[PDB]
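Engineer: Enclosed is the structure file entry.csv (CSV, C-alpha atoms).
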```
chain,number,residue,atom,x,y,z
S,585,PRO,CA,0.0,0.0,0.0
S,586,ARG,CA,0.9,3.7,-0.4
S,587,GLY,CA,2.8,5.5,2.5
S,588,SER,CA,5.7,4.5,4.6
S,589,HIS,CA,7.2,1.0,4.8
S,590,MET,CA,9.1,-0.2,7.9
S,591,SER,CA,11.5,-3.2,7.5
S,592,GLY,CA,13.9,-2.4,10.2
S,593,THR,CA,13.7,-2.3,13.9
S,594,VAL,CA,12.7,0.9,15.5
S,595,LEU,CA,13.0,1.4,19.3
S,596,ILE,CA,10.6,3.8,21.0
S,597,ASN,CA,12.1,5.1,24.3
S,598,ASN,CA,11.0,8.6,25.5
S,599,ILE,CA,11.6,9.5,29.2
S,600,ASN,CA,8.8,10.3,31.7
S,601,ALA,CA,7.9,13.9,31.3
S,602,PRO,CA,7.6,14.0,34.2
S,603,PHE,CA,5.5,10.9,35.0
S,604,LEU,CA,4.7,9.4,31.6
S,605,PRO,CA,6.7,9.2,28.3
S,606,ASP,CA,5.7,11.6,25.5
S,607,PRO,CA,4.1,9.5,22.7
S,608,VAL,CA,6.0,9.2,19.5
S,609,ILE,CA,3.7,10.4,16.7
S,610,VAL,CA,4.2,9.5,13.0
S,611,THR,CA,2.1,11.0,10.3
S,612,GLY,CA,0.8,9.2,7.2
S,613,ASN,CA,0.0,5.5,6.5
S,614,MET,CA,2.4,2.8,7.7
S,615,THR,CA,3.1,-0.7,6.4
S,616,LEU,CA,5.0,-2.9,8.9
S,617,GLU,CA,6.9,-5.4,6.7
S,618,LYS,CA,7.5,-9.1,7.6
S,619,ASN,CA,11.0,-8.4,9.1
S,620,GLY,CA,9.8,-5.2,10.8
S,621,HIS,CA,9.9,-4.7,14.6
S,622,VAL,CA,8.4,-1.8,16.5
S,623,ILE,CA,9.7,-2.2,20.0
S,624,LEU,CA,8.3,-0.1,22.9
S,625,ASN,CA,9.7,-2.0,25.8
S,626,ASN,CA,13.2,-0.6,26.2
S,627,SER,CA,13.3,0.5,29.8
S,628,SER,CA,11.4,-1.0,32.8
S,629,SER,CA,11.5,2.4,34.6
S,630,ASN,CA,9.7,4.1,31.6
S,631,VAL,CA,6.8,1.7,30.9
S,632,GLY,CA,4.0,3.5,29.2
S,633,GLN,CA,5.5,4.3,25.8
S,634,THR,CA,2.9,5.1,23.0
S,635,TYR,CA,3.5,4.8,19.3
S,636,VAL,CA,0.8,6.8,17.3
S,637,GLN,CA,0.3,6.4,13.6
S,638,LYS,CA,-1.8,9.3,12.2
S,639,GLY,CA,-3.1,7.1,9.4
S,640,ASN,CA,-3.8,3.6,8.4
S,641,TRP,CA,-1.7,0.5,9.5
S,642,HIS,CA,-1.0,-2.5,7.3
S,643,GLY,CA,0.8,-5.5,8.7
S,644,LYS,CA,2.8,-8.0,6.6
S,645,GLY,CA,3.7,-10.2,9.5
S,646,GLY,CA,6.1,-7.8,11.4
S,647,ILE,CA,6.1,-7.6,15.2
S,648,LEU,CA,5.0,-5.1,17.8
S,649,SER,CA,6.7,-5.6,21.1
S,650,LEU,CA,5.1,-4.0,24.2
S,651,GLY,CA,5.9,-4.0,27.9
S,652,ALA,CA,3.2,-3.9,30.7
S,653,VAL,CA,3.2,-4.0,34.5
S,654,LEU,CA,0.7,-6.8,34.2
S,655,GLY,CA,-2.2,-6.8,36.7
S,656,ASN,CA,-5.8,-5.8,36.3
S,657,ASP,CA,-7.6,-3.5,33.8
S,658,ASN,CA,-5.6,-0.5,35.0
S,659,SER,CA,-2.2,-2.0,34.3
S,660,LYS,CA,0.5,0.4,33.2
S,661,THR,CA,1.3,-0.5,29.6
S,662,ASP,CA,3.0,0.5,26.4
S,663,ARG,CA,0.4,1.1,23.6
S,664,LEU,CA,-0.1,1.4,19.9
S,665,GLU,CA,-2.6,4.0,18.7
S,666,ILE,CA,-3.7,4.0,15.0
S,667,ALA,CA,-5.8,7.0,13.8
S,668,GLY,CA,-7.1,5.0,10.9
S,669,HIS,CA,-7.8,1.4,9.8
S,670,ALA,CA,-5.7,-1.7,10.8
S,671,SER,CA,-5.4,-4.4,8.2
S,672,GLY,CA,-3.1,-7.4,7.4
S,673,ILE,CA,-1.3,-9.2,10.2
S,674,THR,CA,0.9,-7.7,12.9
S,675,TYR,CA,2.2,-10.0,15.7
S,676,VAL,CA,2.0,-8.7,19.2
S,677,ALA,CA,4.5,-9.7,21.9
S,678,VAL,CA,4.0,-8.5,25.4
S,679,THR,CA,6.6,-8.7,28.2
S,680,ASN,CA,5.7,-8.4,31.9
S,681,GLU,CA,7.7,-5.6,33.5
S,682,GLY,CA,7.3,-6.3,37.2
S,683,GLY,CA,3.6,-7.0,37.3
S,684,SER,CA,2.2,-9.4,39.9
S,685,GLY,CA,-0.6,-10.7,37.7
S,686,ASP,CA,-4.3,-10.3,38.4
S,687,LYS,CA,-7.7,-11.2,37.0
S,688,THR,CA,-9.0,-8.7,34.5
S,689,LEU,CA,-12.6,-7.5,34.3
S,690,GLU,CA,-12.9,-6.2,30.8
S,691,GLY,CA,-9.2,-6.4,29.9
S,692,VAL,CA,-6.0,-4.3,29.6
S,693,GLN,CA,-6.3,-1.9,26.6
S,694,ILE,CA,-3.1,-2.1,24.5
S,695,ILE,CA,-4.1,-1.1,20.9
S,696,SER,CA,-6.6,1.4,19.6
S,697,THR,CA,-7.7,1.8,16.0
S,698,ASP,CA,-10.5,3.7,14.2
S,699,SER,CA,-11.4,0.2,12.8
S,700,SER,CA,-9.6,-3.2,12.6
S,701,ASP,CA,-10.0,-6.2,10.4
S,702,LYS,CA,-10.5,-9.5,12.1
S,703,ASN,CA,-7.1,-10.8,13.4
S,704,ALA,CA,-5.3,-7.6,12.3
S,705,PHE,CA,-3.2,-8.3,15.4
S,706,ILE,CA,-2.2,-11.8,16.5
S,707,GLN,CA,-0.5,-12.8,19.8
S,708,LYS,CA,3.0,-14.1,19.6
S,709,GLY,CA,4.3,-16.0,22.6
S,710,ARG,CA,2.7,-16.6,26.0
S,711,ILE,CA,2.0,-13.6,28.3
S,712,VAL,CA,2.4,-14.6,31.9
S,713,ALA,CA,2.5,-12.6,35.2
S,714,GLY,CA,2.4,-14.3,38.6
S,715,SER,CA,-0.2,-17.1,38.2
S,716,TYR,CA,-2.1,-15.4,35.4
S,717,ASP,CA,-2.1,-16.1,31.7
S,718,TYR,CA,-3.0,-13.2,29.4
S,719,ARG,CA,-4.5,-13.4,25.9
S,720,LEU,CA,-5.0,-10.9,23.1
S,721,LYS,CA,-8.6,-10.1,22.2
S,722,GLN,CA,-10.3,-7.7,19.7
S,723,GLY,CA,-12.7,-5.8,21.9
S,724,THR,CA,-13.2,-6.2,25.7
S,725,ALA,CA,-14.1,-9.4,27.6
S,726,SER,CA,-17.8,-8.5,27.2
S,727,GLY,CA,-17.5,-7.5,23.5
S,728,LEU,CA,-17.2,-3.7,23.9
S,729,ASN,CA,-14.9,-1.4,21.9
S,730,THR,CA,-14.2,-3.8,19.0
S,731,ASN,CA,-11.9,-1.2,17.4
S,732,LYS,CA,-9.6,-1.7,20.4
S,733,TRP,CA,-7.5,-4.6,21.4
S,734,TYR,CA,-7.2,-5.9,25.0
S,735,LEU,CA,-5.3,-8.4,27.1
S,736,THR,CA,-7.7,-10.6,29.2
S,737,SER,CA,-6.5,-12.9,32.0
S,738,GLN,CA,-7.3,-16.3,33.4
S,739,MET,CA,-5.7,-18.4,36.1
S,740,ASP,CA,-2.7,-20.4,34.7
```
Could you write out this structure as structure tokens?
Structural biologist:
Amino acid sequence: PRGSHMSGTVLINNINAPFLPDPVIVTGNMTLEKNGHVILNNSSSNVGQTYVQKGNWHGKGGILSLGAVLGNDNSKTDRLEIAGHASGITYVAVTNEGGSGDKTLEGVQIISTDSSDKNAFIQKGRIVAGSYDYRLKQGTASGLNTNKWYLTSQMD
């Protein structure tokens, strides 16, 4: 598709200003190529990075790597925010950054889109904190906000 194409690895790592990192905002449409990596988890002291694409997002099987202090719905987490439509396939890896684990109600919001195709994001690897296993879902546990993507937990 038209717009930018990312095949490398980009690391997102802004410093708390003063409590939370400034989002990195990129204009236009983005295609994340198969060997592409967008990595937000580069510092456990600055969890809460945000990558914002002011346009559409097309995945060709690249990877988004996020960190989260995994607990309940209010977990501190890195996030991807897409102003437009998400299509294709982007894999999502999430690393626990000192979370204890907890049961979610509706889920931890990690990705927001204007709209997403089915399986636009696909989990890669297990996501575990304490005795809880986390899974990627389009929309919340109860089916709300299906343009957003969540992590829901269950006892492991």
Engineer: Can you tell me which residues surround residue 585 (chain S) at a distance of at most 12 Å, considering only C-alpha atoms, apart from same-chain residues fewer than 6 positions away, and format the answer as a PyMOL selection string?
Structural biologist: chain S and resi 612-617+640-644+671-672
Engineer: Could you state the separation of CA of residue 602 (chain S) and CA of residue 668 (chain S) in Å, given to one decimal place?
Structural biologist: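 Going from CA of residue 602 (chain S) over to CA of residue 668 (chain S), I get 29.0 Å.
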Engineer: Check the smallest atom-to-atom distance from each of S:680, S:726, S:707, S:658 to residue 631 (chain S) using only C-alpha atoms, then report the winner.
Structural biologist: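 Checking each candidate against residue 631 (chain S), we get S:680 as the closest.
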Engineer: Interatomic distance between CA of residue 740 (chain S) and CA of residue 656 (chain S)?
Structural biologist: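 Distance between the two atoms: 15.0 Å.
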Engineer: Give me, please, the distance in Å between CA of residue 659 (chain S) and CA of residue 673 (chain S), quoted to one decimal.
Structural biologist: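 Spanning CA of residue 659 (chain S) to CA of residue 673 (chain S) is a straight-line distance of 25.2 Å.
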